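Read through the structure below, which is laid out as structure tokens, and then see the notes.
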Amino acid sequence: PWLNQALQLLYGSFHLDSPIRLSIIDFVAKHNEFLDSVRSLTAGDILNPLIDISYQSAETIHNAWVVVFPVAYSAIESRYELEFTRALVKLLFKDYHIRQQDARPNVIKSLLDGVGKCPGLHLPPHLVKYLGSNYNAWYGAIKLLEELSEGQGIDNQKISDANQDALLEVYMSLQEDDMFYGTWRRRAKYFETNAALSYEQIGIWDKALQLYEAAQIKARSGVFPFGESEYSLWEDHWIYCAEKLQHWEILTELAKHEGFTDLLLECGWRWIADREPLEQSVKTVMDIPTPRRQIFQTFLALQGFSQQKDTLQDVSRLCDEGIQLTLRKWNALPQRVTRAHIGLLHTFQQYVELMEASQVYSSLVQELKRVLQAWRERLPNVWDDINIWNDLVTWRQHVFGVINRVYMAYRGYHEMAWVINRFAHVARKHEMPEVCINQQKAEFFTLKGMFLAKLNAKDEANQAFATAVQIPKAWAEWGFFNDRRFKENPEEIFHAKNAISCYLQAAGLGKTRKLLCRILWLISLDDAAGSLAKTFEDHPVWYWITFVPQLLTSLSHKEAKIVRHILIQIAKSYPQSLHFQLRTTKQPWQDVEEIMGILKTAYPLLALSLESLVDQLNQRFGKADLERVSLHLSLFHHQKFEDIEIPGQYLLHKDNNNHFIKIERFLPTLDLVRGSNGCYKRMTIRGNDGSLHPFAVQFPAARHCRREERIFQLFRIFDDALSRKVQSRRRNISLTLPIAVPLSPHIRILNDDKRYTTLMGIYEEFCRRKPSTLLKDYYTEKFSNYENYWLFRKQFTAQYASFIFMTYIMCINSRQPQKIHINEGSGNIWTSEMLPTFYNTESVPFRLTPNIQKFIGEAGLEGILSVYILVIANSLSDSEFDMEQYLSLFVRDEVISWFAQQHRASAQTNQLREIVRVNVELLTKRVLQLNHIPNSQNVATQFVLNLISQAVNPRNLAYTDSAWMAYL
Amino acid sequence: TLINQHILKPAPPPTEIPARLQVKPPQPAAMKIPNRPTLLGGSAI
Amino acid sequence: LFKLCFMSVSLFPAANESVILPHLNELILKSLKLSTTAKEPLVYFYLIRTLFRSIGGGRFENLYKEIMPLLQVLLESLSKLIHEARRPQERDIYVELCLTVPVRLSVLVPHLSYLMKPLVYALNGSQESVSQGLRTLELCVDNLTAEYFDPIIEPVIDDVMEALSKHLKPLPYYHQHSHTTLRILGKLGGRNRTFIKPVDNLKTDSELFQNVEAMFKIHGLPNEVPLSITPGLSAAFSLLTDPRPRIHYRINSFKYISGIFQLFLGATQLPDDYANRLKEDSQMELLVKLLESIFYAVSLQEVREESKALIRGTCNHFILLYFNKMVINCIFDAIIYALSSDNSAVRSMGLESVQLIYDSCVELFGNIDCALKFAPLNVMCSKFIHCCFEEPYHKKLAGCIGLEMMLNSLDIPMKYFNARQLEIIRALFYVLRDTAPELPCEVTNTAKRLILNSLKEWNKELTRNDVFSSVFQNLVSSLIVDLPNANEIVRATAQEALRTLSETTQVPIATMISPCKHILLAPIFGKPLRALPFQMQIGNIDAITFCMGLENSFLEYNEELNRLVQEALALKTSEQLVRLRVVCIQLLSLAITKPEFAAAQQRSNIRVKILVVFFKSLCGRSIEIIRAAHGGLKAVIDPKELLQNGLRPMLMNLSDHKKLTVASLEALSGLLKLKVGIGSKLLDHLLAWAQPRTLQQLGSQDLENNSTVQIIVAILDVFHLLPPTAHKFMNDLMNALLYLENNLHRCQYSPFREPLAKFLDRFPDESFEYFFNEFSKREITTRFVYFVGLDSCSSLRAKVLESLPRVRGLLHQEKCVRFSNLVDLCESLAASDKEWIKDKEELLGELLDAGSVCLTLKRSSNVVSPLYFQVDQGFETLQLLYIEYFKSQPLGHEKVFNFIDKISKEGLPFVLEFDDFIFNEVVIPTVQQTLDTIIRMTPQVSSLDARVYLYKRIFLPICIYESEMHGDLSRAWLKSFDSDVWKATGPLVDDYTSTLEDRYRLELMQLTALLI
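Residue numbers (full-length UniProt numbering), protein chains in the order written: chain A, 2469 to 2491, 2521 to 2767, 2771 to 2865, 2877 to 2919, 2938 to 2968, 3020 to 3051, 3056 to 3093, 3097 to 3126, 3131 to 3177, 3281 to 3315, 3408 to 3556, 3601 to 3667, 3695 to 3825; chain B, 430 to 474; chain C, 742 to 1021, 1052 to 1099, 1122 to 1364, 1382 to 1448, 1454 to 1489, 1495 to 1633, 1639 to 1748, 1753 to 1800, 1811 to 1851.
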């Protein structure tokens, strides 16, 4: 790196001067001689060892260039910056062949990251895109291509449009599409392409391609000028969606005419007979090689070895020199593994099954079955992509094909039928039930039973479900028809007694929570007869333990005999799941002593060791020591009986109870931190794996604490269904609300640590250092090294939409800035004290104050925050009745609290079925309405843009509350 | 269980530096969607 | 030598396998057990590494299923707490034992989990044990299933794929690792990108990243511009602590580091009149990293004269801040790494800096009492106290080393160290608790002795029983509620301290714990048993077997669990299971042996049950469970139908079956400690093994490693403890010995030569009365002179020394004249004590006369070779002990008497023993005396003139050493020399005839040519 000699030339200009500063009678005279007359440091012995250090490490030269070159450029005066820029641009064009460093923090990375630290020079944007992509420092290039775009305007349209094209193929190269599709529709001018871009990042590719062919006919003697770019979007994303939709015969004849790699790609994989036209057409394009083109070169060398045309050894050399090119494309990418790497992780599986099929049909002209099963399991995820799922079926089909052709007690493969059926199932799992359709007796009766269930055929579906049960899901579907019958018939329908005993017949026979939420509500449906209790004793133990705070309330009410029967099951089997919850309730209260007595006879040691942990937390409760005030807990883990699990693990899923982290020891630091409520006492538990788990006991717990556990419980039901789908797991939108286990009627603990500084704590941090753009100022001086700053912002705005959905749906009241916790190392945002009531009280629809709206970026506000709020709703509306099924038993414990709220009594017991059926009908008509309108004329969202346009309106913002802090 | 292959020997294949440039801002920008499979190593200026 | 031995079994999948195979179970476990108590513990881990490398793809390794869960939890518990001793990556030796255990992955490898955190230490920071780390990762991907292996790696899946991605690099990097990693990330297909998540470790401007701004002055920019003077601080820390780069970069890294450090130090505003004042957040973790590299620079040569120069500066600087803040701490966190470091130079500078924070603090204020009210001397107490409660092992070592100097420099006000009495000891019990047994014991050895020596130090002042109200009894009530628990080093020292606590301030130990003894018992009685698993069930007994060792405590109602005990006796985890029953013996053995309690229980059938179960345990399946059970029966000796019932299972095991294991043999030997027909029975027991077709098949196998020999020697051990009758088993037992050596073809040594000797210790008179009769025979008397020379026959040597001259009479009364046997007898007991030789002289010439008789018959060419090596090695043994007599007296005229007595044999006396003994009489007015005696004895011309000539090696080397180390003949004999040889007459040397006499006359000519 010649920046080492460029530093010493720049270091010679340093005036190496003697003052360097930052900005009993005998003893005091001895030191005063030392600390000032011997301190006296000149500038020489700082910079002179810095030379001798920088000759060893190549990172010091990068770290010292970025701090001295903006000091150097700030003395290049006026009338010489244009002379400087052209003399710098000429240097970056001076190829030293490939300017062949291509190594760690090299000259180009350290020169381009030193430009962005000094404002005033504005290097050309297609040179920044070339230097950033070819050598390294992608994020040193997005620092420059966003500085030119945002902020000031460059006062030239042709420098502003060439910047945006240089930006949009940086985002395409790093495979973030949400910033790609949000920069385009911020830019594009037609209406037919702002609709088709947004129907395509959602993922329905039938209304995407129609709005592209209806975009080009707006042109072609249309009056509109349409630009040079936005015409490379029409003719290239017509052919993107037409190969996502798998229309491979239409774009055969299209690529016959132009003639390039698109002809080699579709006609090739969608080779023994047409090898000679394919082989010579490869070698016209095999020069300038890429990781894709070597797979075509290797595979026809493999199916020439199958016919004996090509020797084996050549496939080993062709796989060896091809992998070393795949290595060079991995090394050109950034360090952190993102979605930009997933295209290379599928290349890896091609190369492993290309050196594996080179021995499956080498010893062909009982090993084949092992290879077959390994292959039947080595498949990508169900959410991965419909193209790179299809690029695996093609390969596998070709391979099994040769084996079948050569094998000419059952010799039949029938494995090409498996990879098609596995692909046909994931093709419906994505979207668009047209790609799947073009490729064991009770299931046919269940299909006819569901067909009669769609219409009004009660006896036909009952006879079909009896025909299906006489030959699984139909054992619960017949009662689901009876559940549909009981809601349709009057309040004296007896088929629900034949239904709650029906779903429990196969309840032991994963998704057991979707029927346990239906069971635990119709038992409370005014059962004065109670005949279903005998039906409950006709014939699933884990999956109740999430419903524990609902169960421990129903003991005081009716059905107390059968709800005792399902808590005696749990505490005999899982003692830690229930001991903290039954201790919070302390026969209105007398039957649980038998439950407590069952908890103490069985497992006598576990109930004894657990209460020794509770009372030591109960008695006592910048850094302090646990040794002085809680010395029993330092001596706890010596006398700690067998095992104690870390609390707050049974609230979540992980339904097998095997890998739960147990308590190892307590760290001796009580990191009390002046919080917003006051101060609390954050402890720290060390786990089995070395993972430290900082908890936080809070001393009081107001009367909402037995209600906000039910609010977080509801999104323990949505969050796993949010992770199961395709357009929601592709983007990893975890609702991130925290665990909070209660230990007592007054004391509950919950998981929080350092770097959870709330939004108001940012605000007093700024006034302590003493407008808009305050998040943009705090998070840039904190996050230097722009790779960290760009990733933290992108994870902030992607998590802010998960804050908007839970605030809009099941409407939360005025969110002050001290009620919203933001992580400082990850960006995960969650709210405390979620209290819904569920009508419009006095609100702007959500909080989007312009100290956030500047930090969002006004191009992730279109590409992330507006579509993540949609894609949450687009799954929760249509997973399995998430807006209908679960939401019954989570409002019948709200409306019984509302009657205790507005006065002391409670009424409308027979009408209580109708107060639930109304306030669930609002919550099913608050999710469903902001989903996409099924016609093709709207952009794609158009209601979440309707609400964002309301929440940023300065009329509707200042008209509301004044302690809401609607300026920050 | 499975029986695995082995790496042979230090065999050196070097790459080379091609010449063209591209501008085009759509996602495919070539013949297909991913880019690190369809981008030419290191290009000349 | 272990490298030479363990590579032999890799050379032979043969008979060279079963000889090493049983030893390596001991050689591993005794290398773990010695590494916690050694001076350099790393050689015990180099040993197992050459054991694991020298085998691979082996035979079965079937003895590794039992030591594996204790070898992993030893290695994973000190791969955390080890940070590069000299600088050798000694954490990279623990991983290479952890990853290369030589077993099969199928059943043994499951439970490997322990291997996931050392997996990422091998991939990330290594160089060619990366290839070891990738090899085990490839094995566990394809063999295992995704439903089992995926939940294992979830804590470190996000950390293994960062270290796996540093290996994908092109052909300048390896083609070996970069192609292996691509196969691992492909062979799992969709599980590659199932971990790809939003990141969490965004580095938010850490401590060495802290842009500190020094104001510079440059020539273009006409102002005082600030720049970050830390772009190389990341490369300064990593260069100063590596021995691999050159010294010039390492010295420059210090000038950088001290260069930034002096800018923080001198920037603080000093006081205007500090003498008049005397009469009246992210920096503070950067400075600790800065001041620590200053402390490490002491360990560097040629710069420690400069790094010490400001270490003494900054410790002086940080006390005047607090003495100026009395109207209103990075050195203490920097001291505790100097105390806990490794090199002796940096450790001593930690010890010099803790003095200078006191030796200057006495210089400043003077009054030490007011220099403890608010001084920084008070806060380095609670820094050393608190860091004993730390997680890591090395910070516990700082608070134990820092405290033991803080009690030997603050010695003067010990009244301060009585208000902090309980807070120190509770901090010093805690370091005994959460320290692992496999860590080295230097943190616990300085913690055991510090509780012991301090309570002898600041508790030599308490008066009497009246002042025991609250303060001292709360100290006693702390170290008696920590009596019943596991981890016996906190259980043994709770008794060692409480003994010396009550040694001084002389109070009975039962009366000391008396007002709180009922608080201890109540947990230990409440839950009796069947809870509190087997680590606790040794602790519940241990508080009670100590409590009944008092003068009186709890004379009633221990019988609620005394049943409970007998039945736990009556029925690794197998280690603690035999450790469980070995302590229930000691509780039961102290139940009966103590008086005034056995008469109290004797109304409801208690002692009987104890005795009966103590039996049935005598035939147990172990060895050490019998030894403590043997101690219980030997303590209750101070019934008969139960003795016949106990002898019924004993005689059933003693049946003539030739299948008695060694466990029943030592139990039989323990039985005779507390008729004579078994001697007739046990001789025919061994003779089943002692047929020659069971020993000729042995032939040349080693005897100590063999298993059929251990049954033979354990049979021979029982004869030490026979009935005390005058045993006729003297002749046939020794005839069983001589028969057992000839069929083994093994002379001069055998492992069953030792238990034959302890029998001879029992009968000294019957032994020698057997040996003295058959004394002329050679092959049995050779075993005698080994038995006398053994140190275990202390009673046999007293017999042969008192009855010495009766075997001398054998030599006066023809091929069986065994001169040769008597020489090795007298040599064997002269090596016993060097005091026996000083008085025997008529013995020693009587040996040499009859030896010279034997050298007349042996000098005869009538037969071919009569030179028997018993006779000639008799003389070479006689002569080296005849010199052992000479260096006990100072007389220089006895050595010239050995000469004429050996004239018929060997000429000049034997080399290597006497030519270096004349050379210590040659090398003072006694050197003049020896030359008087030579001219006296030499005119005995009948002394065979090759002895007369032989003084050429004893006369002239005196003078040519005197005339070389002194000037020229500076030091009697000359008056006597000239008297006879220069007045000599005709018959002697003054004639003239060419004979061999002229070889003597050259001793006379070459002496006179030296006198002139």
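C-beta atoms are modelled at their ideal positions from N, C-alpha and C, and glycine is treated no differently.
Three or more Cβ pairs closer than 8 Å define a contact, and the segment 1281-1289 of chain C falls short of that threshold against the segment 1318-1330 of chain C. For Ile2543/A, the closest C-alpha among the options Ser969/C, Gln1148/C, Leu1011/C is that of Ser969/C.
Of all residues in the segment 915-946 of chain C, only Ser919, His920, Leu923, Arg924, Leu926, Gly927, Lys928, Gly930, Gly931, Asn933, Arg934, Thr935, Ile937, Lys938, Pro939, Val940, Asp941, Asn942, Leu943, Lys944, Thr945, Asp946 place a beta-carbon less than 7 Å from a beta-carbon of chain A. With respect to the 8 Å criterion, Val1392/C and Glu1434/C are classified as neighbours on the basis of their beta carbons. Within the segment 2582-2629 of chain A, the runs of alpha helix (DSSP H) that reach at least 4 residues and sit entirely inside it are, in chain order, 2604-2612. Residues of the same chain with their beta carbon placed closer than 7 Å to that of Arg1257/C are lacking, with the five preceding and five following residues left out of the count. Around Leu431/B, the beta-carbon contacts reaching into chain C at under 7 Å are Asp883. For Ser472/B, the closest C-alpha among the options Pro2789/A, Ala3762/A, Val2785/A is that of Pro2789/A.
About 4 Å separates the Cβ atoms of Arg2792/A and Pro466/B, confirming a contact at the 8 Å cut-off. Contact annotation for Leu962/C against chain A: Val2568, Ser2571, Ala2572 [CB-CB distance below 8 Å, chain order]. With a cutoff of 8 Å on beta-carbon distance, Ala1401/C and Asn1355/C are scored as near each other.
For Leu968/C, the pairing in a beta bridge is given by DSSP as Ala955/C. For the segment 439-462 of chain B, the set of positions with a beta-carbon nearer than 9 Å to some beta-carbon of chain C reads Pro439, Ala440, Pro441, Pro442, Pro443, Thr444 in chain order. For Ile3471/A, the secondary structure class from DSSP, reduced to helix, strand or coil, is strand.
Look at the segment 946-958 of chain C: the residues with a C-beta under 7 Å from a C-beta of chain A are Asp946, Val953, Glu954, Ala955, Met956, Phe957, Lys958.
In the three-state reduction of the DSSP assignment, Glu2578/A falls in the helix class.
When the beta-carbon positions are compared, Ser1078/C and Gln1148/C stay at least 8 Å from each other. Using a CB distance below 9 Å, the part of the segment 2777-2809 of chain A facing chain B consists of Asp2787, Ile2788, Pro2789, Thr2790, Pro2791, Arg2792, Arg2793, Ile2795, ordered along the chain. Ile436/B has a beta carbon lying within less than 8 Å of a beta carbon in chain C. The beta carbon of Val3512/A lies closer than 8 Å to those of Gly2700, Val2893, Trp2894, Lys2958, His2959, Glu2960 in the same chain, with the five residues before and after it left out. Only residues of its own chain outside the window of five on either side were considered, and among them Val1155, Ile1205, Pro1206 have a CB closer than 8 Å to the CB of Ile1161/C, listed in chain order. Under a criterion of Cβ atoms nearer than 7 Å, no residue of chain A is adjacent to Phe978/C; the nearest Cβ is some 11 Å distant.
The segment 1394-1410 of chain C makes contact with the segment 1423-1442 of chain C: 3 or more CB pairs, one atom from each, lie closer than 8 Å. Close to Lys3612/A, with beta-carbon spacing below 9 Å, are these residues of chain C in chain order: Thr945, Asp946.
The alpha-carbon of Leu3438/A is positioned some 14 Å away from that of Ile3497/A. Interface with chain A (8 Å Cβ-Cβ cutoff): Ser906/C is included.
DSSP places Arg1838/C within a helical segment (H, G or I) once states are collapsed to three. Taking C-beta atoms as the reference points, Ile834/C and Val882/C fail to come closer than 8 Å.
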